[PDB]
Amino acid sequence: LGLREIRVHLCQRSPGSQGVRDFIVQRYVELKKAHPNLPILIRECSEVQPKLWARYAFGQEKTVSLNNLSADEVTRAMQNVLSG
Amino acid sequence: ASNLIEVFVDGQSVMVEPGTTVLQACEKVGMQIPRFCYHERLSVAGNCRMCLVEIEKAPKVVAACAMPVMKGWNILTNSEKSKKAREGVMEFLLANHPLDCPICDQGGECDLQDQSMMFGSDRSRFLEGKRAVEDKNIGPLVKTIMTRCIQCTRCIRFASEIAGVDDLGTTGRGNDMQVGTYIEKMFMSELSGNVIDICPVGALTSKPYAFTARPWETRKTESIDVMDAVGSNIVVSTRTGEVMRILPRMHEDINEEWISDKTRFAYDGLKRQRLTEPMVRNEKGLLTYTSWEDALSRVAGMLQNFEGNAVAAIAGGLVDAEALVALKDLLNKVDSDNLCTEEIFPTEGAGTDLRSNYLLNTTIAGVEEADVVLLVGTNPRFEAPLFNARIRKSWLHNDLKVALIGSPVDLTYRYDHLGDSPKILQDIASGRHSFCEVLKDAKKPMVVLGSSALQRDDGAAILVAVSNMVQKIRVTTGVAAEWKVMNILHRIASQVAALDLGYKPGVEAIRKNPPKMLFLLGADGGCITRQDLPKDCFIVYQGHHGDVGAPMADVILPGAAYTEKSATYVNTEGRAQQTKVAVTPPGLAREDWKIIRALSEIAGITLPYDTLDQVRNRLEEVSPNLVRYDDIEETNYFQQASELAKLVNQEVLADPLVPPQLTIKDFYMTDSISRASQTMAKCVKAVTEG
Amino acid sequence: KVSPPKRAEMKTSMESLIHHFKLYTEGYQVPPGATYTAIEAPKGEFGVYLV
Amino acid sequence: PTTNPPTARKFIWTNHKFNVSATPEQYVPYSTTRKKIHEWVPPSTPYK
Amino acid sequence: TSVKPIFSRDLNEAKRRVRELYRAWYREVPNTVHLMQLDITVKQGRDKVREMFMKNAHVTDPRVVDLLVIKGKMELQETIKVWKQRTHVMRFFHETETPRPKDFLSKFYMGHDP
Amino acid sequence: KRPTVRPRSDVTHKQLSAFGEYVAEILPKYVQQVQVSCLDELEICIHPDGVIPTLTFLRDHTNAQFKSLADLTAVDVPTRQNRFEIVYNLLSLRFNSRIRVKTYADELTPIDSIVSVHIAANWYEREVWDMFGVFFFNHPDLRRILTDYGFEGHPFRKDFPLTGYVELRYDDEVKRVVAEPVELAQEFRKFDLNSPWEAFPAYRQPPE
Amino acid sequence: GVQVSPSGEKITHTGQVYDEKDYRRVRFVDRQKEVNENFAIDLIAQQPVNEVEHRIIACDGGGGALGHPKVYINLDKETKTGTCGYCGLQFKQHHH
Amino acid sequence: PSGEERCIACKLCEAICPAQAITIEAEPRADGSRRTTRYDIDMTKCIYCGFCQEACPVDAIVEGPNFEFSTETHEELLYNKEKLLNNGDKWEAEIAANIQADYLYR
Amino acid sequence: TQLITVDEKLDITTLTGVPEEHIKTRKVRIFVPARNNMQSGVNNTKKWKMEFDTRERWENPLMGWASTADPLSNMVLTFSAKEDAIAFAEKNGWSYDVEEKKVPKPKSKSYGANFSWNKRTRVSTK
Ligand code: SF4
Ligand code: SF4
Ligand code: SF4
Ligand code: SF4
Ligand code: FES
Ligand SMILES: [K+]
Ligand SMILES: [Zn+2]
């Protein structure tokens with residue numbers, strides 16, 4: 001149940017990744033301040049769907065598609081992943 | 001047609017730029033003019049006179065390799081004058097060329113033989129005695145039979161321009177003019193097998209490859225080199241299921257036409273000290289051969305015994321991303337996050353979270369594009385020889401301004417040595433330096449920080465100091481947002497893929513929480529041993545060479561090599577490439593991800609994939625850029641990484657930045673294959689004693 | 001470039017050795033095209049269609 | 001070969017041998033190349 | 001995406017030809033087993049014919065189904081007038097070949113073949 | 001004049017060009033291309049729908065009288081959509097001439113058999129079907145003629161392996177001749193016998 | 001010369017010999033492994049060095065067309081005899 | 001005539017061998033000469049066409065006049081370098097005479 | 001009347017006669033072959049090639065020859081176009097990996113650069 005890893009896959013140029021890009025620009029830094037032991041791996045590619053992976057203990061992974069989600073509900077999805 | 005001129009090849013019109021040569025226009029049309037001395041990456045020499053072609057309404061044939069097209073020229077390439085000129089030039093070459101074709105390593109690879117058959121006459125009129133030239137001993141890598149030399153100065157131009165040694169040349173005059181070294185001098189720099197590549201005749205041959213195979217019988221497999229983190233595209237030449245040769249591949253964005261000497265001649269280490277069967281410790285404490293079932297059953301029993309921080313893994317250098325994600329998934333299913341690498345990167349601040357924090361963001365075309373390059377704590381000539389070759393190419397052509405912070409090493413070009421202290425980073429970031437005002441004069445800077453420099457104790461402090469310096473540079477110079485200044489140069493093939501997959505760099509987690517069960521995925525650096533490991537620790541080493549990790553292991557699992565498996569490796573640029581299968585692993589050795597998956601199945605936690613394509617699917621769902629082969633998609637968020645770096649509050653040490661590789665003797669042996677290679681042993685002996 | 005030279009010429013001359021090497025390793029290149037050559041075989045008409 | 005004997009060479013067999021098939025002195029083929037891949041030799045002393 | 005039919009306009013009469021060919025093969029299997037002195041029984045020969053048909057059953061292109069029907073008629077006719085011998089008929093069963101199990105552990109224990 | 005160069009007569013080239021124009025304008029419905037080679041050989045490339053009218057016209061015309069079929073073959077070029085090129089070489093004894101008729105097919109479009117026009121086409125089309133898998137409509141008996149009984153696959157295709165997929169051996173346990181997946185004691189060593197230098201500039205293809 | 005292994009098996013001129021525990025010597029059980037007795041390296045080592053008067057010598061192996069292709073050997077090094085790449089004959093320039 | 005092997009490991013015989021019956025492996029010898037480590041010719045694969053002996057540039061491989069070498073096993077026709085050198089040493093008194101008689105034609 | 005519609009991917013694996021192992025388990029490579037750097041000619045870099053993945057080649061116990069067990073080891077197919085190779089691979093049902101044609105970058109070659117007044121392109125020898 002304990003969170004081990006957060007992976008954010010986005011695009012450098014896509015309408016669906018615009019909110020994810022905005023979230024990483026304005027809010028990733030203090031997220032890393034709040035959790036400076038958790039790997040939030042930011043991976044960006046040309047033609048990938050905006051996707052969020054939460055790896056918990058013993059290899060379980062929860063997958064959240066955040067295609068065409070703007071910054072504030074991307075933030076609340078991240079908060080729901082961090083809390084539960 | 002702005003700034004373009006119309007020319008004709010055999011009557012066919014074509015637009016060309018000004019300064020385009022006749023040969024370049026002909027190959028733009030689609031015909032390859034014959035050549036012996038022209039190389040498109042060397043300077044124009046114009047001496048072999050084989051590229052003589054006839055221009056229409058011109059009485060004298062011109063050399064296409066040197067003469068530029070003027071305007072409206074009709075280049076009659078297949079005219080009678082051109083054919084007669086080619087026949088005469090081949091006759092003059094083969095007049096004094098020696099009858100050495102059966103005893104020649106250039107059997108079917110001979111430009112002279114092929115151009116003879118395609119353009120020269122079919123018989124000789126030379127009734128005189130041929131000349132003969134005594135041979136040289138320029139090293140144990142290049143065998144010289146100088147009687148075959150046709151004096152095209154390709155080796156001399158390569159050594160002058162790309163190798164940057166100025167050691168070869170022509171001594172004498174006329175027919176007695178000999179290519180070589182006047183004194184008994186041993187020509188051994190890095191990038192020295194490319195003279196064997198570019199010598200068209202068999203005068204400069206490979207001494208490990210001497211009298212071994214033939215080009216028609218050798219099969220060609222296009223793969224990737226893992227000896228460094230450049231990721232040079234290569235051809236493995238394999239005959240009858242045995243690796244026979246390594247050649248470069250043409251890739252203009254990575255390695256151009258050349259590969260390093262370690263890459264070219266370290267292939268013979270794959271025939272010695274190879275792990276072929278699984279082995280386990282017996283009751284006497286000695287390694288004995290056993291079956292795959294028994295070895296994997298022992299490891300699976302231990303893996304079922306332990307969990308959590310008690311299980312850990314360390315990844316070496318010649319490790320593919322497939323086995324990396326396999327071991328990561330296995331330790332994640334036993335709930336272990338101690339997936340460490342031998343190579344150290346600072347985890348403070350952004351760490352490996354942002355991909356731009358540990359990448360050569362400017363890339364090698366950006367090395368060609370830049371104007372000033374500041375190298376911090378690295379020796380690129382031995383850490384990444386093709387990277388240094390591209391720096392020297394930019395230094396020759398674009399007048400690149402190079403400066404170095406670190407120990408003064410010979411980089412085969414003249415640079416500005418700012419000093420070896422790391423306090424110069426603070427000085428430049430503050431803005432009270434002569435090279436700081438040089439940077440503020442410059443427009444497109446490029447700061448390359450070495451992973452060897454990051455290996456130090458104050459690696460985080462060095463990284464955050466360089467990041468602050470780069471941020472100050474971008475503030476004070478006003479560069480474009482598309483231009484990337486910060487770059488990290490790696491010397492480890494597996495490091496970038498492991499950092500992308502989420503491995504924590506360095507064994508600091510291993511030292512903090514010593515595990516009772518350890519995996520050594522190709523780990524031969526000796527970073528973690530049994531002295532700082534607990535006494536009743538179970539070590540399993542999965543690898544292809546038994547060098548440092550196998551003798552200290554309880555179970556040895558023979559994996560595959562980069563020539564023996566199809567594998568994913570990510571270079572310093574972040575570009576992912578895949579090696580193809582050239583040969584098969586010897587004995588009972590298998591593919592590494594297959595070994596890990598079978599071990600997981602026996603342990604009872606089955607990994608959700610069975611085939612290599614499914615492994616690539618898992619790689620994509622972890623980080624979807626290890627499947628974008630030969631793709632150079634750019635990264636961002638350097639502002640965020642620099643902000644986290646600024647909030648990191650470490651301070652640098654007073655130790656000078658000394659790279660581990662100060663000399664080519666340190667360059668020649670770096671990993672297990674180089675240490676097991678006899679050719680690198682001969683090279684070390686030659687550069688130390690001879 | 002089609003028929004191999006004599007053995008003495010091969011062992012004496014450079015071009016003859018080169019042509020012997022290339023003919024007995026790779027062989028002569030035939031220009032592309034198709035022909036149907038038929039001769040009067042003793043058993044009838046022997047035909048060869050080469051592409 | 002009594003008026004015109006053959007050229008004498010030191011490597012020519014001085015004793016002719018007939019067909020030695022199905023005899024103990026018959027020909028048995030083998031690979032004339034040596035070992036190509038050299039296996040790693042584990043140490044003879046225990047780590048502990 | 002428009003092509004020339006071979007014999008069948010669509011999948012319906014192609015399946016009709018398949019049914020006719022299967023009918024004639026089912027008729028010929030006992031005669032084959034009796035005439036060519038096969039060690040097999042009538043039941044497993046019909047099972048062999050049926051699972052050959054199910055092996056080919058995944059295709060729905062009418063041209064490919066027509067060509068498969070044509071090839072099946074050639075095989076059947078070759079069995080009607082006995083040119084295909086006992087060895088050629090027994091080649092369908094692979095009784096002299098050790099099969100390869102499809103599990104990852106066994107394919108790992110044998111060799112490098114995926 | 002030159003003792004090493006084959007002598008050339010242009011009267012045959014002119015005659016074959018005239019006859020090619022003749023056939024092309026007589027049958028514009030089917031004839032797609034007409035060429036005369038440097039060897040003075042006439043090739044007429046036709047649509048597959050006109051194989052029967054073209055062969056019948058060439059056999060029964062007063063000016064053609066191509067009553068003898070030299071051979072019937074197929075060439076597998078697996079880079080074009082219709083990968084099998086069917087070639088009919090015909091001989092005219094009345095006019096002492098030879099002609100070649102070409103057509104195309106792929107794996108799924110059969111072409112009309114010419115058994116009604118020439119009787120050797122029976123066995124020749126049986127050979128073409130057995131070696132390449134090109135079906136022939138309205139054939140008397142289309143079946144294998146050269147391969148083994150129950151041989152699976154068409155072996156003269158380019159993608160078919162040289163050694164094949166199965167090999168025969170006598171098994172004493174079943175007392176039979178059985179087929180195994182093929183294993184070679186020595187693998188066939190492929191040779192890359194292609195010079196990197198262009199041989200014939202007359203056949204230099206334009207760049208893509 | 002032909003030498004024997006500790007196994008008792010003769011070693012060929014290529015240096016090939018079977019190991020003690022190698023099973024492939026059962027093909028030589030009740031038969032013989034034939035090794036060519038005349039070793040070419042020893043036979044060419046027995047040949048005396050031809051003492052010539054020229055800076056560049058020509059070799060065809062003897063017999064003209066019956067030998068190897070004609071090559072030229074440059075005898076400039078006085079510390080090393082020039083070896084024919086085909087026949088292995090050694091030549092030395094007479095500088096006295 | 002010195003006793004050195006005529007073969008120089010140049011692989012044209014196996015390059016021209018139409019049945020692919022010749023297998024050659026080579027390495028420099030202890031004195032640095034270019035010699036073969038393996039020279040196998042399969043009699044059961046050979047078609048006895050003389051292409052090797054007419055492509056050999058140094059008259060090393062020859063088709064000598066021996067034809068009464070039928071064996072009772074398939075293995076004995078799988079020749080190697082030692083067997084071929086033994087045949088050359090046995091038949092040198094006749095092979096050299098035949099080459100002397102005929103070499104002016106070829 | 002003589003023209004029907006088919007909306008599929010042109011699968012002929014049931015008619016090729018290839019065993020299902022050598023269809024499903026094989027991977028093919030579609031690529032323009034790299035120029036052999038020991039030569040300078042570029043005539044072998046004009047046509048696209050399809051090859052198969054390398055399988056096991058072991059040692060014969062009798063002669064030491066390279067023994068193989070797969071038939072598609074020497075199978076190399078030549079195509080005039082990448083799309084033609086794609087169509088052939090999808091038609092025969094083989095899974096493909098395709099890499100684009102690596103063309104040499106155009107280069108500014110100037111013979112007068114070897115004798116410059118101030119640039120570093122001046123050579124010290126010829
Ligand atoms: S370099 Fe070429 S022409 Fe010269 S001996 Fe070697 S193969 Fe013959
Ligand atoms: S050694 Fe080779 S590259 Fe150098 S000048 Fe001579 S032929 Fe040219
Ligand atoms: S004679 Fe025999 S070994 Fe010689 S080339 Fe012909 S088939 Fe090959
Ligand atoms: S036998 Fe002759 S052709 Fe064959 S490798 Fe030896 S020298 Fe060359
Ligand atoms: S290629 Fe131009 S003269 Fe050499
Ligand atoms: K060379
Ligand atoms: Zn000699």
# chains A, B, ... in the order shown; residues from 1 in each chain; ligands from 1
call {"tool": "residues_near_ligand", "arguments": {"ligand": "ligand 2", "cutoff": "10 Å", "atoms": "only C-alpha atoms and all ligand atoms", "output": "PyMOL selection string"}}
result
chain B and resi 36-37+48+112+144-159+168-170+178-180+194-205
call {"tool": "write_last_selection", "arguments": {"atoms": "C-alpha atoms", "output": "PDB file, in the first residue's frame"}}
result
ATOM      1  CA  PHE B  36      41.704   6.627 -54.337  1.00  0.00           C
ATOM      2  CA  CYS B  37      42.887   9.679 -52.388  1.00  0.00           C
ATOM      3  CA  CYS B  48      45.958   9.847 -57.208  1.00  0.00           C
ATOM      4  CA  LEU B 112      42.279  -1.030 -56.233  1.00  0.00           C
ATOM      5  CA  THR B 144      52.370  -2.421 -42.372  1.00  0.00           C
ATOM      6  CA  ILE B 145      53.325  -3.971 -45.698  1.00  0.00           C
ATOM      7  CA  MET B 146      54.415  -0.772 -47.407  1.00  0.00           C
ATOM      8  CA  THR B 147      55.204  -2.321 -50.796  1.00  0.00           C
ATOM      9  CA  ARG B 148      51.444  -2.358 -51.436  1.00  0.00           C
ATOM     10  CA  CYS B 149      51.143   1.349 -50.577  1.00  0.00           C
ATOM     11  CA  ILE B 150      50.054   3.614 -53.430  1.00  0.00           C
ATOM     12  CA  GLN B 151      51.010   6.848 -51.597  1.00  0.00           C
ATOM     13  CA  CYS B 152      47.537   8.360 -51.424  1.00  0.00           C
ATOM     14  CA  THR B 153      48.325  10.144 -48.096  1.00  0.00           C
ATOM     15  CA  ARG B 154      44.956   9.112 -46.625  1.00  0.00           C
ATOM     16  CA  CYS B 155      46.608   7.802 -43.454  1.00  0.00           C
ATOM     17  CA  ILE B 156      48.757  10.938 -43.197  1.00  0.00           C
ATOM     18  CA  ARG B 157      45.741  13.223 -43.603  1.00  0.00           C
ATOM     19  CA  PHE B 158      43.731  11.187 -41.085  1.00  0.00           C
ATOM     20  CA  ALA B 159      46.527  11.274 -38.503  1.00  0.00           C
ATOM     21  CA  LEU B 168      52.928   9.869 -40.315  1.00  0.00           C
ATOM     22  CA  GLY B 169      54.261  11.363 -43.514  1.00  0.00           C
ATOM     23  CA  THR B 170      56.173  10.903 -46.739  1.00  0.00           C
ATOM     24  CA  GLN B 178      57.830   6.212 -48.738  1.00  0.00           C
ATOM     25  CA  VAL B 179      54.833   6.669 -46.460  1.00  0.00           C
ATOM     26  CA  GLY B 180      55.428   5.925 -42.797  1.00  0.00           C
ATOM     27  CA  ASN B 194      40.615   3.771 -39.010  1.00  0.00           C
ATOM     28  CA  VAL B 195      43.843   3.908 -41.008  1.00  0.00           C
ATOM     29  CA  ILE B 196      43.225   0.188 -41.597  1.00  0.00           C
ATOM     30  CA  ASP B 197      39.704   1.161 -42.658  1.00  0.00           C
ATOM     31  CA  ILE B 198      40.627   4.012 -45.007  1.00  0.00           C
ATOM     32  CA  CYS B 199      43.766   2.519 -46.537  1.00  0.00           C
ATOM     33  CA  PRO B 200      42.347   1.421 -49.915  1.00  0.00           C
ATOM     34  CA  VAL B 201      45.150  -1.055 -50.601  1.00  0.00           C
ATOM     35  CA  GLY B 202      46.184  -3.706 -48.097  1.00  0.00           C
ATOM     36  CA  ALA B 203      49.229  -1.743 -46.951  1.00  0.00           C
ATOM     37  CA  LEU B 204      47.803  -0.996 -43.485  1.00  0.00           C
ATOM     38  CA  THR B 205      46.068  -4.150 -42.270  1.00  0.00           C
TER      39      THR B 205
END
call {"tool": "select_by_dssp", "arguments": {"residues": "chain G", "states": "strand (DSSP E or B)", "output": "ChimeraX atom specification"}}
result
/G:3-4,10-11,50-52,56-59,71-74,82-83,90-93
call {"tool": "interface_residues", "arguments": {"of": "chain B", "to": "chain H", "cutoff": "10 Å", "atoms": "only C-alpha atoms", "output": "list in words"}}
result
residues 101, 102, 103, 104, 105, 107, 207, 208, 209, 210, 211, 212, 213, 214, 216 and 217 of chain B
call {"tool": "write_last_selection", "arguments": {"atoms": "C-alpha atoms", "output": "compact mmCIF listing (two decimals), in the first residue's frame"}}
result
# COMPACT_ATOMS: atom_id res chain seq x y z
CA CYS B 101 46.68 -10.51 -53.85
CA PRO B 102 46.44 -14.10 -52.46
CA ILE B 103 48.61 -13.21 -49.43
CA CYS B 104 46.70 -9.94 -48.87
CA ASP B 105 44.17 -9.24 -46.14
CA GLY B 107 41.12 -9.86 -50.64
CA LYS B 207 47.24 -7.49 -36.99
CA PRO B 208 44.62 -9.34 -34.86
CA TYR B 209 42.64 -9.90 -38.08
CA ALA B 210 45.78 -10.98 -39.98
CA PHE B 211 45.22 -13.94 -42.33
CA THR B 212 41.97 -14.90 -40.59
CA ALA B 213 38.98 -14.59 -42.94
CA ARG B 214 37.72 -13.15 -46.22
CA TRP B 216 32.93 -12.62 -49.09
CA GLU B 217 32.64 -15.37 -46.48
call {"tool": "residues_around", "arguments": {"residues": "residue 15 in chain C", "least_positions_apart": "4", "cutoff": "7 Å", "atoms": "only C-alpha atoms", "output": "PyMOL selection string"}}
result
(chain B and resi 94+122-124) or (chain C and resi 19)
call {"tool": "residues_around", "arguments": {"residues": "residue 2 in chain C", "least_positions_apart": "4", "cutoff": "8 Å", "atoms": "only C-alpha atoms", "output": "MDAnalysis selection string"}}
result
chainID C and resid 23 27:28
call {"tool": "write_last_selection", "arguments": {"atoms": "N, CA and C atoms", "output": "mmCIF file, in the first residue's frame"}}
result
data_model
loop_
_atom_site.group_PDB
_atom_site.id
_atom_site.type_symbol
_atom_site.label_atom_id
_atom_site.label_comp_id
_atom_site.auth_asym_id
_atom_site.auth_seq_id
_atom_site.Cartn_x
_atom_site.Cartn_y
_atom_site.Cartn_z
ATOM 1 N N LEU C 23 37.791 -13.011 -60.908
ATOM 2 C CA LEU C 23 37.002 -13.981 -61.655
ATOM 3 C C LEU C 23 36.810 -15.274 -60.878
ATOM 4 N N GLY C 27 33.571 -13.536 -59.865
ATOM 5 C CA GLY C 27 33.138 -13.807 -61.216
ATOM 6 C C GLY C 27 32.788 -12.537 -61.967
ATOM 7 N N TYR C 28 32.641 -12.687 -63.279
ATOM 8 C CA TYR C 28 32.306 -11.548 -64.119
ATOM 9 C C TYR C 28 30.855 -11.143 -63.912
#
call {"tool": "interface_residues", "arguments": {"of": "chain B", "to": "chain I", "cutoff": "6 Å", "atoms": "only C-alpha atoms", "output": "PyMOL selection string"}}
result
chain B and resi 44+66+109+111+197+240-241+396+581+584
call {"tool": "write_last_selection", "arguments": {"atoms": "N, CA, C and O atoms", "output": "PDB file, in the first residue's frame"}}
result
ATOM      1  N   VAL B  44      40.992  17.494 -48.995  1.00  0.00           N
ATOM      2  CA  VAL B  44      41.167  17.181 -50.409  1.00  0.00           C
ATOM      3  C   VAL B  44      42.656  17.181 -50.727  1.00  0.00           C
ATOM      4  O   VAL B  44      43.356  18.167 -50.477  1.00  0.00           O
ATOM      5  N   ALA B  66      38.636  17.764 -56.548  1.00  0.00           N
ATOM      6  CA  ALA B  66      39.116  19.075 -56.142  1.00  0.00           C
ATOM      7  C   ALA B  66      38.519  20.228 -56.931  1.00  0.00           C
ATOM      8  O   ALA B  66      38.334  21.307 -56.365  1.00  0.00           O
ATOM      9  N   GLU B 109      38.015  -6.842 -50.423  1.00  0.00           N
ATOM     10  CA  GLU B 109      37.759  -5.495 -49.940  1.00  0.00           C
ATOM     11  C   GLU B 109      38.652  -4.463 -50.609  1.00  0.00           C
ATOM     12  O   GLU B 109      38.852  -3.376 -50.059  1.00  0.00           O
ATOM     13  N   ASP B 111      39.642  -1.693 -53.047  1.00  0.00           N
ATOM     14  CA  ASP B 111      39.226  -0.660 -53.987  1.00  0.00           C
ATOM     15  C   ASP B 111      40.093  -0.674 -55.234  1.00  0.00           C
ATOM     16  O   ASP B 111      39.598  -0.425 -56.336  1.00  0.00           O
ATOM     17  N   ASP B 197      40.942   0.986 -41.900  1.00  0.00           N
ATOM     18  CA  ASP B 197      39.704   1.161 -42.658  1.00  0.00           C
ATOM     19  C   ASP B 197      39.939   1.925 -43.958  1.00  0.00           C
ATOM     20  O   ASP B 197      39.554   1.466 -45.039  1.00  0.00           O
ATOM     21  N   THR B 240      31.168 -18.493 -39.810  1.00  0.00           N
ATOM     22  CA  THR B 240      30.908 -19.826 -39.247  1.00  0.00           C
ATOM     23  C   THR B 240      30.567 -19.763 -37.760  1.00  0.00           C
ATOM     24  O   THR B 240      31.017 -20.587 -36.961  1.00  0.00           O
ATOM     25  N   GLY B 241      29.763 -18.772 -37.383  1.00  0.00           N
ATOM     26  CA  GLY B 241      29.328 -18.662 -36.005  1.00  0.00           C
ATOM     27  C   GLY B 241      30.369 -18.148 -35.040  1.00  0.00           C
ATOM     28  O   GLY B 241      30.221 -18.339 -33.830  1.00  0.00           O
ATOM     29  N   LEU B 396      38.674  22.268 -35.742  1.00  0.00           N
ATOM     30  CA  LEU B 396      39.294  22.536 -37.037  1.00  0.00           C
ATOM     31  C   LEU B 396      38.413  23.422 -37.906  1.00  0.00           C
ATOM     32  O   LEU B 396      38.882  24.417 -38.469  1.00  0.00           O
ATOM     33  N   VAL B 581      21.672  -9.868 -32.816  1.00  0.00           N
ATOM     34  CA  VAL B 581      22.388 -11.103 -32.519  1.00  0.00           C
ATOM     35  C   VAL B 581      23.387 -11.374 -33.634  1.00  0.00           C
ATOM     36  O   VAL B 581      23.011 -11.537 -34.800  1.00  0.00           O
ATOM     37  N   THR B 584      25.821 -16.737 -30.989  1.00  0.00           N
ATOM     38  CA  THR B 584      25.052 -17.205 -29.852  1.00  0.00           C
ATOM     39  C   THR B 584      25.960 -17.404 -28.643  1.00  0.00           C
ATOM     40  O   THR B 584      27.164 -17.625 -28.807  1.00  0.00           O
TER      41      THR B 584
END
